[PDB]
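Architecture at a glance
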Amino acid sequence: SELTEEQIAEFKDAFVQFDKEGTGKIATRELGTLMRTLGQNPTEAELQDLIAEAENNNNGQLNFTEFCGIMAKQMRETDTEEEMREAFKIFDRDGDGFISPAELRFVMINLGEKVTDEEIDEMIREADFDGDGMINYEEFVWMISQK
Ligand SMILES: [Ca+2]
Ligand SMILES: [Ca+2]
């Protein structure tokens, strides 16, 4: 839950335990497994982001700063993902599971970000892949990450 003396030594140990290449780094294909043996638990997409980016660049290796970096984020709370899902619910005045330009227009005002039905309507289309003019926790995570 924090980078405390013991905690640091905890994952730092589990870090050198997976050191294959020996370049002071561990293969990305081991990070997830490292997050399993540890109280860590990111999002499928996240672990895929690193493995995919590092997939073909440096045999997929990680540094103490790389792992501890993500651990720093998760430790800060749990995953920081719940914060976005929460805003999604807010932006969703209905319980249907999707958001409409109208709802989006009402909430943004609640927060304090005065927006025009046009600017946000566009942000919805850019996030709407399936094609329904509505936003789901998935389409939401995408557009919000653009902030
Ligand atoms: Ca709705
Ligand atoms: Ca949609």
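Residues numbered from 1 in each chain as written, not as in the entry; some residues may be left out. Chains lettered and ligands numbered in written order. Heavy atoms only, no water.

Its PDB header attributes the entry to solution NMR.

A word on helix α4 (residues 64-76). Between the first and last C-alpha of α4 there are 17 Å, a value that for 13 residues agrees with the 18 Å anticipated at 1.5 Å per step. Within α4, the full set of buried residues consists of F67, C68, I70, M71, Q74 and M75. Seen along its axis, α4 keeps its buried residues to an arc of 160°; they face one direction. Every exposed residue of α4 that faces more than 90 degrees away from the buried side is listed here: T65, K73 and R76. (Helix = DSSP H or I, 4+ residues; strand = E, 2+ residues; numbered from the N terminus. Expected span 1.5 Å × (residues − 1). Buried < 20%, exposed > 50% of the residue type's maximum accessible area, 1.4 Å probe, protein only. Arc of directions from axis to C-beta.)

Turning our attention to the side chain of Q61. By the element assignment, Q61 lies in strand β2 (residues 61-62). One polar contact links the side chain of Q61 to the main-chain carbonyl oxygen of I26, over a distance of 3.3 Å. Sequence-distant contacts of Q61, defined by excluding residues within four places in its chain, comprise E21, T23, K25, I26, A27 and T28. (Polar contact = N/O pair within 3.5 Å; in protein donor to acceptor, adjacent residues only side chain to side chain. Contact = heavy atoms within 4.5 Å.)

Bringing the UniProt feature "binding site: Ca(2+) 2" in the protein chain into the picture now. The residues that UniProt annotates with the feature "binding site: Ca(2+) 2" are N57, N59, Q61 and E66. Assignment of secondary structure puts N57 in the loop between α3 (44-53) and β2. With a relative accessible area of 4%, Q61 lands in the buried category. (UniProt positions renumbered as here; feature names shortened; annotations may be inferred.)

Let's shift gears to the UniProt feature "binding site: Ca(2+) 4" in the protein chain. Mapped onto this structure's residue numbering, the UniProt feature "binding site: Ca(2+) 4" falls at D128, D130, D132, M134 and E139. Assignment of secondary structure puts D128 in the loop between α7 (117-127) and α8 (137-144). Overall, the relative accessible area of 14% leaves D128 in the buried class. Judged by relative accessible area, which is 4%, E139 ranks as buried. Not counting residues up to four positions away in its chain, the partners in contact with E139 are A127, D128, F129, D130 and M134. At 3.4 Å, the side chain of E139 forms a polar contact with the backbone nitrogen of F129.

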